[PDB]
């Protein structure tokens, strides 16, 4: 693997690429992984890196950036919004499509939770660029999720930011999120979709993967439940099943 960078609107996104041996023989498929809210390109217990490594062993490249304001990338988290991440994700797809090592007919998008929201929107907006889509615990109904939290925590939405445990969430994030109908913008994508969701996910309930199936994908979606797993699959058994399900879906 190798650290990589991508400039967007004058700021630097920082990431990793994993390029398999097979790229010498031929242009290879690639997975682009988009991380979740307050997450990073690594995700808990190295989940995204472990996926990259398993994909690489199967001859599949991968690319994963920290969004601006997250992880190692330029910017502050308070300025992040979902619309900005969508724009950055589109720029990352552009970047992988410019990579002569990558088969542009076999680019797969993967997103975790809010990154799955972003992935599902990007795929809906350029379906012909996206051969397969992987949604991990996709937070389709995040507005309801953030709505539910401001009621429980009595969050004052006039504030310029909300301090989410040391991650500052700007007011612009809420205003922007309220304008995004996720299931509508995702609906046009007709490729195969894998939804992976932990059955004990308290952050995004696993019924939401059914919602994506009912509202966006229908018979093209494969819903794969991980029995007992929490939101980020914080368990070796759970993570092994997650990784193998992904590899089975892209092989």
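Positions refer to the first chain, counted from 1.
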Going by the B-factors listed in the PDB entry, is the mean over the C-alpha atoms higher for 48 to 56 or for 203 to 211? 203 to 211
Comparing 64 to 72 with 184 to 192, where is the mean C-alpha B-factor higher? 184 to 192
Between 167, 81, 120, 149, where does the Cα B-factor run highest in the record? 149
Between 110, 130, 91, 142, which one tops the list for Cα B-factor in this entry? 142
Is residue 85 in the lowest, middle or highest third of its chain when residues are ranked by C-alpha B-factor? lowest
Report the third (lowest, middle or highest) to which the CA temperature factor of residue 22 belongs, ranking only the modelled residues of the same chain. highest
So, residue 226's CA B-factor, relative to its chain, sits in which third? The middle
Ranked against its chain, the third holding the CA B-factor of residue 135: lowest
Taking the C-alpha B-factors as the PDB entry records them, is residue 39 in the lowest, middle or highest third of its chain? lowest
